[PDB]
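Heads up, the chain below is alone and in the form solved without ligand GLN; it's given as structure tokens.
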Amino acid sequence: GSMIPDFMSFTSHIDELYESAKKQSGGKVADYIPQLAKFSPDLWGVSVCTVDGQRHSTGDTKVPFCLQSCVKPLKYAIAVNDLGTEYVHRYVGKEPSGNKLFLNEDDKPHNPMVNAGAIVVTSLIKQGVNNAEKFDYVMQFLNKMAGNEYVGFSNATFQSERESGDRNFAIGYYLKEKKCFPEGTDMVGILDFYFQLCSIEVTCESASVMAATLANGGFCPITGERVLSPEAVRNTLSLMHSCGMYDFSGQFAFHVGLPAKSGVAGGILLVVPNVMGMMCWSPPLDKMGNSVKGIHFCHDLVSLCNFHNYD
């Protein structure tokens, strides 16, 4: 599957799109915790990792930042990989909401990409062991996805996220009341694990390798290791396609047509199946919560290389 005939000319076009996006100065850096409000609005990085293992970065691609919602497709993939589609979707829905409600009509969170869904997915991983082992288990998994490149942890983000996460505690108690967790779940402990996962740190470079693992049918392109089952990958990409960009998800599926997942740190994890993974990062967000520069870049990328799913 050679739709990138000349990698060096392709990176030349990446750089031009990078420079064009750089001029987009709009948006607001998230500031509900100090660990996000700190970030400069001018940070802007794009990293590419093909399914071959070819790499290209431009801009601020080695500055660590928190995954935040970008971790949601990754922990869903781990859950499906270990437990199968059917078991996971006993607890969480499979489609966009069209949203302030915690649960759909079946008393399940709408999908794994919204907070209530990610909290339920978190309760499914490595059940029975304590939180330190749960975290270590997911960390080892993310190391394999990233081919052992930068995966860190921001204790300061974790502490601030947990102390100000009233909406997530409201979701936690509502899900407990509607019996959404597996039997024996310690809800407060699940919220802790959830806040920790949101505080895992990557760079553009390490994250693009994670995305490239999803683009490569579950095989890490820079180690050849099998990390995720084909089922886990397929499921994760479908939900990223339809639910990955908050309230912009429907527009993004229509105009861009690639599986992607945004996050409040300004990251956009982007997958071009069978071609490449990308991570774009610029902290200033539009009013729907997506990185202004990243969105502009994603539109330009598809209008240039015919990467749209139905192109």
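Whichever C-alpha set is largest while still superposing within 1.5 Å between the two forms counts as the rigid core. From 1 onward, residues are counted along the sequence shown.
Superposition on the core shows that, in 8 other deposited structures of this protein, the C-alpha atoms drift more in one of 102-110 and 204-212; this is 102-110. Stretch 89-97 is the one, of 145-153 and 89-97, whose CA positions lie farther from the shown form in 8 other deposited structures of this protein once all structures are superposed by the rigid core.
Per the record, residue 98 and residue 99 are separated by 1 to 3 deposited residues that have no coordinates.
Checked against the record, the higher mean CA B factor of 107-115 and 217-225 lies with 217-225.
Higher mean CA B-factor, judged across 167-175 and 127-135 from the recorded values: 127-135. Compared with the other modelled residues of the chain, the Cα B-factor recorded for residue 189 ranks in the middle third. Per-chain ranking of the deposited C-alpha B factor places residue 52 in the highest third. Ranked against the other modelled residues of its chain, the C-alpha B-factor of residue 72 as given in the entry falls in the lowest third. The PDB entry assigns residue 295 a C-alpha temperature factor belonging to the middle third of its chain's modelled residues. Sort the modelled residues of the chain by CA B factor and residue 234 lands in the middle third.
Here the subject shifts to the form deposited with ligand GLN bound, a form of this protein not shown in this document.
Here the chain stands by itself, but in the entry with it bound one stretch of 61-69, 248-256, 46-54, 268-276, 61-69, has heavy atoms within 4.5 Å of ligand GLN. Although the partner is absent here, residue 263 lies within 4.5 Å of ligand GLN in the entry with it bound, judged by heavy atoms.
Contact annotation: residue 143 falls outside 4.5 Å of ligand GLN in the entry with it bound, judged by heavy atom distances.
Proximity of residue 115 to ligand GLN in the entry with it bound falls within the 4.5 Å heavy atom cutoff. In the entry with it bound, ligand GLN sits within 4.5 Å of a heavy atom of residue 194.
Proximity to ligand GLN in the entry with it bound, defined as a heavy atom within 4.5 Å, holds among 168, 185, 81, 154 only for 168. Checked against ligand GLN in the entry with it bound, the residues 209, 74, 198, 228 give one hit for a heavy atom within 4.5 Å, which is 198. For the stretch 145-161, the set of residues having any non-hydrogen atom within 4.5 angstroms of ligand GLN in the entry with it bound comprises only 161.
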